[PDB]
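Here is input-v9.tsv, consisting of TSV, C-alpha atoms:
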chain	number	residue	atom	x	y	z
A	1	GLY	CA	10.99	15.78	-2.91
A	2	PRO	CA	7.85	13.66	-3.25
A	3	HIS	CA	7.23	10.48	-1.28
A	4	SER	CA	4.99	7.43	-1.20
A	5	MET	CA	3.68	4.65	1.01
A	6	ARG	CA	2.61	1.30	-0.58
A	7	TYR	CA	1.31	-1.94	0.94
A	8	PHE	CA	1.52	-4.87	-1.49
A	9	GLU	CA	-0.62	-7.85	-0.49
A	10	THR	CA	-0.76	-11.32	-2.07
A	11	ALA	CA	-2.93	-14.33	-1.24
A	12	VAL	CA	-2.18	-17.53	-3.20
A	13	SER	CA	-4.25	-20.74	-3.36
A	14	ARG	CA	-2.55	-24.06	-3.95
A	15	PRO	CA	-4.11	-27.53	-4.53
A	16	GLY	CA	-4.01	-29.41	-1.19
A	17	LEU	CA	-4.14	-27.29	1.99
A	18	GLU	CA	-7.05	-25.70	3.85
A	19	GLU	CA	-5.80	-22.11	3.91
A	20	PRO	CA	-3.84	-20.05	1.30
A	21	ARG	CA	-0.60	-18.19	1.92
A	22	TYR	CA	-1.06	-14.46	2.63
A	23	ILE	CA	1.83	-11.98	2.41
A	24	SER	CA	1.92	-8.20	2.92
A	25	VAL	CA	4.92	-5.96	2.32
A	26	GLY	CA	5.03	-2.25	3.12
A	27	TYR	CA	7.22	0.26	1.29
A	28	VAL	CA	8.05	3.82	2.16
A	29	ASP	CA	9.50	5.25	-1.05
A	30	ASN	CA	10.07	1.90	-2.52
A	31	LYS	CA	12.25	0.90	0.48
A	32	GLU	CA	10.87	-2.06	2.45
A	33	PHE	CA	9.77	-1.19	6.03
A	34	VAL	CA	7.29	-3.85	7.28
A	35	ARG	CA	6.33	-7.43	6.39
A	36	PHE	CA	3.71	-10.02	7.34
A	37	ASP	CA	3.86	-13.70	6.20
A	38	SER	CA	1.16	-16.19	7.23
A	39	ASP	CA	3.62	-19.08	6.79
A	40	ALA	CA	6.03	-17.88	9.50
A	41	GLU	CA	5.79	-19.78	12.84
A	42	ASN	CA	4.63	-16.62	14.68
A	43	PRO	CA	2.79	-14.54	12.06
A	44	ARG	CA	3.11	-10.80	12.73
A	45	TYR	CA	4.03	-7.53	11.08
A	46	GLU	CA	7.81	-7.15	11.58
A	47	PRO	CA	10.14	-4.17	11.05
A	48	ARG	CA	12.19	-4.34	7.82
A	49	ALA	CA	14.13	-1.14	8.47
A	50	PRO	CA	16.01	0.02	11.60
A	51	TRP	CA	14.03	3.27	11.94
A	52	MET	CA	10.74	1.38	12.20
A	53	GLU	CA	12.26	-0.55	15.14
A	54	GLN	CA	11.18	2.21	17.57
A	55	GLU	CA	7.44	1.62	17.19
A	56	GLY	CA	6.10	0.03	20.39
A	57	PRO	CA	4.28	-3.27	20.98
A	58	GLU	CA	0.84	-1.61	20.62
A	59	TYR	CA	1.76	-0.48	17.12
A	60	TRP	CA	2.80	-4.04	16.17
A	61	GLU	CA	-0.28	-5.72	17.65
A	62	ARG	CA	-2.73	-3.35	15.96
A	63	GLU	CA	-1.12	-3.72	12.54
A	64	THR	CA	-0.89	-7.47	13.04
A	65	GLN	CA	-4.68	-7.51	13.68
A	66	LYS	CA	-5.18	-5.79	10.38
A	67	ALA	CA	-3.08	-8.48	8.66
A	68	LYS	CA	-5.04	-11.26	10.40
A	69	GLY	CA	-8.29	-9.73	9.25
A	70	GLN	CA	-6.90	-9.24	5.77
A	71	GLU	CA	-6.00	-12.93	5.77
A	72	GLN	CA	-9.62	-13.80	6.53
A	73	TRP	CA	-10.83	-11.31	3.92
A	74	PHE	CA	-8.57	-12.71	1.20
A	75	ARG	CA	-9.59	-16.27	2.10
A	76	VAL	CA	-13.27	-15.45	1.60
A	77	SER	CA	-12.66	-13.35	-1.52
A	78	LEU	CA	-10.56	-16.11	-3.07
A	79	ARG	CA	-13.60	-18.38	-2.79
A	80	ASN	CA	-16.04	-15.71	-3.93
A	81	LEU	CA	-13.88	-15.34	-7.08
A	82	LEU	CA	-13.83	-19.07	-7.75
A	83	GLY	CA	-17.58	-18.87	-8.22
A	84	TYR	CA	-17.52	-15.63	-10.21
A	85	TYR	CA	-15.23	-17.23	-12.77
A	86	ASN	CA	-16.79	-20.67	-12.60
A	87	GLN	CA	-13.41	-22.15	-11.77
A	88	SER	CA	-13.93	-25.64	-10.33
A	89	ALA	CA	-12.07	-27.07	-7.33
A	90	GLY	CA	-8.36	-26.70	-6.89
A	91	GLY	CA	-6.13	-24.94	-9.36
A	92	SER	CA	-3.68	-22.39	-8.10
A	93	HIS	CA	-5.16	-18.88	-7.73
A	94	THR	CA	-3.85	-15.51	-6.72
A	95	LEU	CA	-5.29	-12.26	-5.46
A	96	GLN	CA	-3.27	-9.09	-5.23
A	97	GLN	CA	-4.05	-5.76	-3.66
A	98	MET	CA	-1.95	-2.61	-3.84
A	99	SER	CA	-2.68	0.43	-1.81
A	100	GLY	CA	-1.24	3.66	-0.53
A	101	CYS	CA	-0.59	7.28	-1.19
A	102	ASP	CA	1.68	9.59	-3.10
A	103	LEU	CA	2.58	12.94	-1.58
A	104	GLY	CA	4.02	15.87	-3.52
A	105	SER	CA	7.21	17.64	-2.58
A	106	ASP	CA	4.95	19.72	-0.29
A	107	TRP	CA	3.89	16.54	1.60
A	108	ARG	CA	0.23	16.78	0.54
A	109	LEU	CA	-1.75	13.97	-1.02
A	110	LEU	CA	-1.18	13.80	-4.78
A	111	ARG	CA	-2.83	10.45	-5.47
A	112	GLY	CA	-4.48	7.59	-3.63
A	113	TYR	CA	-4.44	3.95	-4.73
A	114	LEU	CA	-6.67	1.03	-3.88
A	115	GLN	CA	-6.62	-1.72	-6.49
A	116	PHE	CA	-6.79	-5.47	-7.05
A	117	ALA	CA	-5.61	-8.11	-9.52
A	118	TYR	CA	-6.99	-11.63	-9.85
A	119	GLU	CA	-4.70	-14.15	-11.58
A	120	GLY	CA	-2.31	-11.28	-12.34
A	121	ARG	CA	-4.96	-9.34	-14.27
A	122	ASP	CA	-6.67	-6.05	-13.29
A	123	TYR	CA	-9.89	-6.70	-11.43
A	124	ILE	CA	-11.05	-3.50	-9.73
A	125	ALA	CA	-9.43	-0.16	-8.96
A	126	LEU	CA	-10.57	2.83	-6.93
A	127	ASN	CA	-10.55	5.78	-9.38
A	128	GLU	CA	-8.49	8.87	-8.65
A	129	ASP	CA	-11.59	10.77	-7.42
A	130	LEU	CA	-11.47	8.25	-4.54
A	131	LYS	CA	-15.28	7.82	-4.90
A	132	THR	CA	-15.95	5.57	-7.94
A	133	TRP	CA	-14.63	2.18	-9.17
A	134	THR	CA	-13.31	0.94	-12.47
A	135	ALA	CA	-14.22	-2.68	-13.08
A	136	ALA	CA	-12.20	-4.67	-15.57
A	137	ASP	CA	-14.82	-7.30	-16.37
A	138	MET	CA	-18.34	-8.59	-15.69
A	139	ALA	CA	-17.25	-10.51	-12.62
A	140	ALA	CA	-15.67	-7.32	-11.28
A	141	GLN	CA	-18.92	-5.50	-11.96
A	142	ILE	CA	-20.52	-7.73	-9.34
A	143	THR	CA	-17.92	-6.62	-6.83
A	144	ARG	CA	-18.35	-3.01	-7.83
A	145	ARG	CA	-22.14	-3.08	-7.30
A	146	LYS	CA	-21.49	-4.73	-3.96
A	147	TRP	CA	-19.04	-2.04	-2.81
A	148	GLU	CA	-21.21	0.80	-4.16
A	149	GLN	CA	-24.00	-0.62	-1.89
A	150	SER	CA	-21.77	-0.90	1.20
A	151	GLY	CA	-20.04	2.48	0.64
A	152	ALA	CA	-16.64	0.86	0.82
A	153	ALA	CA	-15.03	3.68	-1.24
A	154	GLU	CA	-15.84	6.05	1.64
A	155	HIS	CA	-13.84	3.80	3.98
A	156	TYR	CA	-10.92	3.69	1.56
A	157	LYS	CA	-10.92	7.43	0.89
A	158	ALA	CA	-10.84	8.03	4.66
A	159	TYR	CA	-7.75	5.85	5.01
A	160	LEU	CA	-6.10	7.34	1.91
A	161	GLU	CA	-6.68	11.00	2.82
A	162	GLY	CA	-6.17	10.51	6.57
A	163	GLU	CA	-4.30	7.58	8.16
A	164	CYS	CA	-2.05	6.95	5.13
A	165	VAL	CA	-0.83	10.53	4.86
A	166	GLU	CA	-0.61	11.08	8.62
A	167	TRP	CA	1.60	8.01	9.24
A	168	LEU	CA	3.73	8.43	6.12
A	169	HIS	CA	4.55	11.83	7.63
A	170	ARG	CA	5.53	10.15	10.89
A	171	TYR	CA	7.77	7.62	9.07
A	172	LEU	CA	9.48	10.31	6.93
A	173	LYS	CA	10.58	12.16	10.08
A	174	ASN	CA	11.49	9.03	12.08
A	175	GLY	CA	13.81	7.66	9.40
A	176	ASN	CA	14.95	11.09	8.30
A	177	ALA	CA	18.49	10.41	7.09
A	178	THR	CA	17.54	7.38	4.94
A	179	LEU	CA	14.30	8.21	3.11
A	180	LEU	CA	14.82	11.95	2.49
A	181	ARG	CA	18.41	11.39	1.46
A	182	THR	CA	19.58	10.35	-1.99
A	183	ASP	CA	22.51	8.18	-3.11
A	184	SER	CA	23.93	9.14	-6.47
A	185	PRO	CA	25.27	6.59	-8.94
A	186	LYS	CA	28.94	5.84	-8.96
A	187	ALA	CA	29.53	5.61	-12.68
A	188	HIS	CA	32.30	3.99	-14.77
A	189	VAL	CA	32.97	2.13	-18.04
A	190	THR	CA	34.33	-1.40	-18.52
A	191	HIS	CA	35.80	-2.56	-21.81
A	192	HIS	CA	35.24	-5.96	-23.51
A	193	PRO	CA	36.96	-6.90	-26.79
A	194	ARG	CA	34.64	-9.06	-28.97
A	195	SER	CA	34.40	-10.56	-32.50
A	196	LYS	CA	36.52	-9.06	-35.33
A	197	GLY	CA	37.27	-5.36	-34.75
A	198	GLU	CA	34.47	-4.99	-32.18
A	199	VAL	CA	34.85	-4.22	-28.48
A	200	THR	CA	31.88	-3.64	-26.12
A	201	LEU	CA	31.55	-0.49	-24.05
A	202	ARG	CA	29.54	-1.37	-20.93
A	203	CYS	CA	28.58	1.64	-18.77
A	204	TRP	CA	27.82	1.10	-15.15
A	205	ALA	CA	25.73	2.90	-12.63
A	206	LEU	CA	26.17	1.53	-9.14
A	207	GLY	CA	24.93	2.19	-5.65
A	208	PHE	CA	22.14	4.68	-6.38
A	209	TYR	CA	18.88	5.39	-4.66
A	210	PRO	CA	16.11	5.81	-5.61
A	211	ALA	CA	15.80	3.23	-8.39
A	212	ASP	CA	14.67	5.52	-11.25
A	213	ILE	CA	17.66	6.08	-13.57
A	214	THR	CA	18.49	6.52	-17.22
A	215	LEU	CA	21.54	5.64	-19.22
A	216	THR	CA	22.23	6.67	-22.80
A	217	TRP	CA	25.07	6.13	-25.23
A	218	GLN	CA	26.05	8.86	-27.70
A	219	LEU	CA	28.31	9.01	-30.76
A	220	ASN	CA	29.34	12.40	-32.13
A	221	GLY	CA	26.19	13.77	-30.41
A	222	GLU	CA	23.34	11.52	-31.68
A	223	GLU	CA	21.79	9.36	-28.91
A	224	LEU	CA	22.00	5.64	-29.71
A	225	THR	CA	18.84	3.63	-28.93
A	226	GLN	CA	19.04	0.61	-31.29
A	227	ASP	CA	22.12	-1.69	-31.18
A	228	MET	CA	22.16	-1.07	-27.40
A	229	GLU	CA	21.72	-3.56	-24.58
A	230	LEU	CA	20.00	-2.61	-21.35
A	231	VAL	CA	19.51	-4.54	-18.13
A	232	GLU	CA	16.62	-4.04	-15.77
A	233	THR	CA	17.46	-1.89	-12.78
A	234	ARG	CA	18.31	-4.34	-10.00
A	235	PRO	CA	18.62	-4.20	-6.21
A	236	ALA	CA	22.11	-4.60	-4.77
A	237	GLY	CA	20.55	-5.83	-1.52
A	238	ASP	CA	21.76	-3.01	0.72
A	239	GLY	CA	19.16	-0.37	-0.18
A	240	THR	CA	20.82	0.62	-3.51
A	241	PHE	CA	20.44	-0.25	-7.19
A	242	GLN	CA	22.49	-1.17	-10.26
A	243	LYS	CA	22.02	-0.76	-13.98
A	244	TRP	CA	24.15	-0.95	-17.00
A	245	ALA	CA	23.95	-0.02	-20.65
A	246	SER	CA	26.20	-1.42	-23.31
A	247	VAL	CA	26.82	-0.84	-27.02
A	248	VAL	CA	28.76	-2.20	-30.00
A	249	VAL	CA	31.88	-0.19	-30.97
A	250	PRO	CA	34.84	-0.76	-33.33
A	251	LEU	CA	38.49	-0.81	-32.20
A	252	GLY	CA	39.81	2.77	-32.24
A	253	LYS	CA	36.46	4.56	-31.86
A	254	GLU	CA	36.34	4.43	-28.04
A	255	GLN	CA	36.95	8.17	-27.44
A	256	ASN	CA	34.09	8.93	-29.90
A	257	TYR	CA	31.32	7.31	-27.72
A	258	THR	CA	30.07	8.73	-24.40
A	259	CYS	CA	27.61	7.35	-21.74
A	260	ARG	CA	25.26	9.62	-19.85
A	261	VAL	CA	23.73	8.91	-16.45
A	262	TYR	CA	20.54	10.72	-15.38
A	263	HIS	CA	19.61	10.39	-11.65
A	264	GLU	CA	17.85	12.60	-8.98
A	265	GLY	CA	20.93	12.50	-6.77
A	266	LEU	CA	23.10	14.08	-9.44
A	267	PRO	CA	23.72	17.84	-9.35
A	268	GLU	CA	23.44	17.29	-13.13
A	269	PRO	CA	23.59	14.53	-15.81
A	270	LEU	CA	26.85	12.61	-15.98
A	271	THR	CA	29.17	12.07	-18.93
A	272	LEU	CA	32.00	9.55	-19.27
A	273	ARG	CA	33.91	7.15	-21.52
A	274	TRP	CA	36.53	4.39	-21.47
A	275	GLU	CA	39.62	5.18	-19.39
A	276	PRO	CA	42.71	3.05	-20.26
B	1	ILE	CA	-2.03	-16.83	-16.89
B	2	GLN	CA	1.41	-18.33	-16.33
B	3	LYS	CA	4.46	-16.12	-16.81
B	4	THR	CA	8.10	-17.18	-16.85
B	5	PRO	CA	10.70	-15.86	-14.42
B	6	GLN	CA	13.50	-13.73	-15.73
B	7	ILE	CA	16.73	-14.07	-13.73
B	8	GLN	CA	19.76	-11.86	-13.15
B	9	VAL	CA	22.80	-13.10	-11.17
B	10	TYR	CA	25.25	-10.41	-10.00
B	11	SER	CA	27.28	-9.23	-7.01
B	12	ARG	CA	26.38	-6.54	-4.47
B	13	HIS	CA	29.86	-5.06	-4.69
B	14	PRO	CA	32.44	-4.80	-7.43
B	15	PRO	CA	34.05	-8.29	-7.40
B	16	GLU	CA	37.63	-8.88	-6.24
B	17	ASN	CA	38.96	-12.36	-5.67
B	18	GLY	CA	39.32	-13.47	-2.09
B	19	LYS	CA	37.17	-10.60	-0.84
B	20	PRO	CA	33.84	-10.99	1.03
B	21	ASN	CA	30.85	-9.98	-1.11
B	22	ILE	CA	27.17	-10.84	-1.52
B	23	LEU	CA	25.80	-12.71	-4.49
B	24	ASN	CA	22.37	-11.82	-5.78
B	25	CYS	CA	19.82	-13.67	-7.85
B	26	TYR	CA	16.96	-11.29	-8.76
B	27	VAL	CA	13.97	-13.10	-10.29
B	28	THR	CA	11.10	-11.11	-11.82
B	29	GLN	CA	7.96	-11.24	-13.92
B	30	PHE	CA	6.73	-14.69	-12.87
B	31	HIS	CA	3.20	-15.81	-12.06
B	32	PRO	CA	1.85	-17.39	-9.91
B	33	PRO	CA	4.07	-16.27	-7.05
B	34	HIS	CA	4.89	-19.87	-5.86
B	35	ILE	CA	8.61	-20.41	-6.74
B	36	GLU	CA	11.90	-22.11	-5.78
B	37	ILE	CA	15.37	-20.50	-5.93
B	38	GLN	CA	18.66	-22.25	-5.25
B	39	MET	CA	22.04	-20.57	-5.32
B	40	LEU	CA	25.01	-22.69	-6.33
B	41	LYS	CA	28.82	-22.96	-6.28
B	42	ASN	CA	30.41	-25.81	-8.30
B	43	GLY	CA	26.96	-27.38	-8.48
B	44	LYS	CA	26.33	-27.46	-4.70
B	45	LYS	CA	23.73	-25.45	-2.76
B	46	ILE	CA	25.39	-22.50	-1.07
B	47	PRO	CA	24.39	-22.68	2.64
B	48	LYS	CA	22.85	-19.45	3.95
B	49	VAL	CA	20.60	-18.33	1.11
B	50	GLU	CA	18.48	-15.46	2.44
B	51	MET	CA	15.27	-14.88	0.54
B	52	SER	CA	13.43	-11.57	0.34
B	53	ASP	CA	9.70	-11.19	0.87
B	54	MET	CA	7.37	-12.08	-2.02
B	55	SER	CA	6.72	-8.59	-3.46
B	56	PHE	CA	5.37	-7.25	-6.75
B	57	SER	CA	5.46	-4.17	-8.93
B	58	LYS	CA	2.69	-1.74	-9.65
B	59	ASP	CA	1.99	-3.67	-12.88
B	60	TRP	CA	1.25	-6.83	-10.80
B	61	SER	CA	4.48	-8.69	-11.74
B	62	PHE	CA	6.09	-10.46	-8.84
B	63	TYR	CA	9.71	-10.10	-7.90
B	64	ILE	CA	12.06	-11.57	-5.37
B	65	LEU	CA	15.70	-11.19	-4.42
B	66	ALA	CA	17.66	-14.13	-3.19
B	67	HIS	CA	21.14	-13.49	-1.81
B	68	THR	CA	24.00	-15.14	0.04
B	69	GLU	CA	27.40	-14.37	1.50
B	70	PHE	CA	30.30	-15.42	-0.66
B	71	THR	CA	33.94	-14.88	-1.58
B	72	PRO	CA	34.30	-14.64	-5.36
B	73	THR	CA	37.04	-16.72	-6.95
B	74	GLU	CA	38.24	-17.09	-10.56
B	75	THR	CA	38.32	-20.86	-10.12
B	76	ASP	CA	34.72	-21.81	-9.32
B	77	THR	CA	31.43	-21.50	-11.15
B	78	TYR	CA	28.60	-19.64	-9.48
B	79	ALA	CA	24.92	-20.07	-10.41
B	80	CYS	CA	21.26	-19.51	-9.62
B	81	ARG	CA	18.61	-22.04	-10.30
B	82	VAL	CA	14.92	-21.50	-10.41
B	83	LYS	CA	12.03	-23.88	-10.45
B	84	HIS	CA	8.58	-22.58	-11.41
B	85	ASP	CA	5.41	-24.15	-12.81
B	86	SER	CA	5.61	-22.04	-15.98
B	87	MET	CA	8.65	-24.13	-16.98
B	88	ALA	CA	8.54	-27.88	-17.41
B	89	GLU	CA	11.99	-27.92	-15.78
B	90	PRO	CA	14.42	-25.71	-13.82
B	91	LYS	CA	16.36	-22.82	-15.32
B	92	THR	CA	19.89	-21.86	-14.30
B	93	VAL	CA	21.84	-18.67	-14.83
B	94	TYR	CA	25.59	-18.52	-14.25
B	95	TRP	CA	27.31	-15.55	-12.67
B	96	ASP	CA	29.42	-13.48	-14.91
B	97	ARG	CA	31.33	-10.77	-13.05
B	98	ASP	CA	31.26	-8.60	-16.16
B	99	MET	CA	27.45	-8.48	-15.89
C	1	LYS	CA	0.12	1.97	8.60
C	2	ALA	CA	-1.91	-0.47	6.54
C	3	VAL	CA	-5.35	-0.25	5.03
C	4	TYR	CA	-7.96	-2.89	5.87
C	5	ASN	CA	-10.76	-4.20	3.75
C	6	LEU	CA	-14.38	-4.38	4.76
C	7	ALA	CA	-16.91	-5.77	2.22
C	8	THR	CA	-15.55	-8.86	0.52
C	9	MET	CA	-15.28	-9.31	-3.26
Could I get this structure in the form of structure tokens?
Amino acid sequence: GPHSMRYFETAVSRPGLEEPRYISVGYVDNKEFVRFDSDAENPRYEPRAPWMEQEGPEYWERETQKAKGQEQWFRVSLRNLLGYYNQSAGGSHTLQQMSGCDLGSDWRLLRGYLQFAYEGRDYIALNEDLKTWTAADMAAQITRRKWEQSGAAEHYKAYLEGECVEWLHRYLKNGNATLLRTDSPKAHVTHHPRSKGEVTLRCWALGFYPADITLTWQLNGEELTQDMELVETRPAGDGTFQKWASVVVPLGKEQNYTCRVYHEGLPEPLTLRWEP
Amino acid sequence: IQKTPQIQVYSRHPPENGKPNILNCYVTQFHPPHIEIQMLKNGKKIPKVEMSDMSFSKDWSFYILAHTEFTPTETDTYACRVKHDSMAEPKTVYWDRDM
Amino acid sequence: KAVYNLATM
């Protein structure tokens, strides 16, 4: 199917110390594969997945240099932004950048991303045409004009269309049996007696990958949306995910209600109920 | 703009007593990213709390996954405790195997 | 492989 590479970068100011903390995490298909943390004793991009382990020292030094330069770039931009927003001295401030590429199921570039948040709020984003910028506010307009002048979008487009795609291809092959594989949800229902004449059908999806999933509860045939409790899809820690969906039900009416699980790994949607 | 962490505490594997497992505390939707996460058993720090890398979602919300090795019992409490500048004081969530 | 920025903010 389709695939994606994302680098998520964060620089955070804090009252007190000369230089802010810079972190970069790389994901192939929303599975962590590299990390850089300026706090670590020996700051460097490190492998966060076994298949990435077979890149050589030159790979690691070149990517590290990019992180070190990014650190400098975020440091300067943090200060530039202080002035743009007429923020005084100190405060805690944050700058986020997301970037990368989506491929289709044919492995060709579907969409490129290059975008920034200041203080958790959209600042500037490279448009989908990969040539023009959307600027969230007047401050961002300054940046936009600046980057229009320097032709920075051309730089970004070249990375997005070229390097990003070309190396995502290399990673998809190298870690073949992890990224291009799916793990389907193991599904089951636990039962929890409640107040008067009310039990609680919780329906579990465990151990799936990727993270996108959907759970519904049905009675007689009409999907139940209200009355129902959902939890946010959560990492199990081992590369997989969990979710559950629960509902209110009277005693006796267990074999009426049915949970459905919708996941890419399934040959088809999944149906189930309480099993005494 | 300050945003409060939401916390889920939950086990990697279906919990059986006396059987090695991993306990997770997944904290999301906080800002700024600066945060503290303790994992607890009967009110004491559990030793080897691995922390994941400060990441964030495509909507800019941060997330992080703390975890630690443990053997679930019926006889102890298990908890996760988070300190963050959005809250005037720490917040704790107890493990519930049913959740 | 990672992007890198050029012109600052």
Residues within 10 Å of (29.6, 8.0, -31.8), file coords, all atoms listed in the file, listed as a PDB file with C-alpha atoms, in the coordinates of the input:
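Result file follows (selection.pdb):
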ATOM      1  CA  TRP A 217      25.070   6.130 -25.230  1.00  0.00           C
ATOM      2  CA  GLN A 218      26.050   8.860 -27.700  1.00  0.00           C
ATOM      3  CA  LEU A 219      28.310   9.010 -30.760  1.00  0.00           C
ATOM      4  CA  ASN A 220      29.340  12.400 -32.130  1.00  0.00           C
ATOM      5  CA  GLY A 221      26.190  13.770 -30.410  1.00  0.00           C
ATOM      6  CA  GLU A 222      23.340  11.520 -31.680  1.00  0.00           C
ATOM      7  CA  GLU A 223      21.790   9.360 -28.910  1.00  0.00           C
ATOM      8  CA  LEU A 224      22.000   5.640 -29.710  1.00  0.00           C
ATOM      9  CA  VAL A 249      31.880  -0.190 -30.970  1.00  0.00           C
ATOM     10  CA  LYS A 253      36.460   4.560 -31.860  1.00  0.00           C
ATOM     11  CA  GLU A 254      36.340   4.430 -28.040  1.00  0.00           C
ATOM     12  CA  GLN A 255      36.950   8.170 -27.440  1.00  0.00           C
ATOM     13  CA  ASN A 256      34.090   8.930 -29.900  1.00  0.00           C
ATOM     14  CA  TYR A 257      31.320   7.310 -27.720  1.00  0.00           C
ATOM     15  CA  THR A 258      30.070   8.730 -24.400  1.00  0.00           C
TER      16      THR A 258
END
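From atom CA of residue A:14 back to atom CA of residue B:7, the distance works out to 23.8 Å.
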Contact residues (chain A, partner chain B, 7 Å, only C-alpha atoms) as number ranges by chain: A: 8, 25, 94, 119-120, 236-237
Keeping only C-alpha atoms, write the selected residues to a file as a PDB file, in the frame of the given file.
ATOM      1  CA  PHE A   8       1.520  -4.870  -1.490  1.00  0.00           C
ATOM      2  CA  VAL A  25       4.920  -5.960   2.320  1.00  0.00           C
ATOM      3  CA  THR A  94      -3.850 -15.510  -6.720  1.00  0.00           C
ATOM      4  CA  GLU A 119      -4.700 -14.150 -11.580  1.00  0.00           C
ATOM      5  CA  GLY A 120      -2.310 -11.280 -12.340  1.00  0.00           C
ATOM      6  CA  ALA A 236      22.110  -4.600  -4.770  1.00  0.00           C
ATOM      7  CA  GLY A 237      20.550  -5.830  -1.520  1.00  0.00           C
TER       8      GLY A 237
END
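When all atoms listed in the file are used to measure the gap to residue C:6, the shortest distance among A:156, A:274, A:22, A:116 belongs to A:156.
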Protein, DNA and RNA residues within 9 Å of (6.9, -24.3, -14.5), all atoms listed in the file, as a ChimeraX atom specification: /B:2-4,35,83-90
Shortest interatomic distance to residue A:71 - which of A:1, A:265, A:239, A:20, counting all atoms listed in the file: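 Of A:1, A:265, A:239, A:20, the one nearest residue A:71 is A:20, counting all atoms listed in the file.
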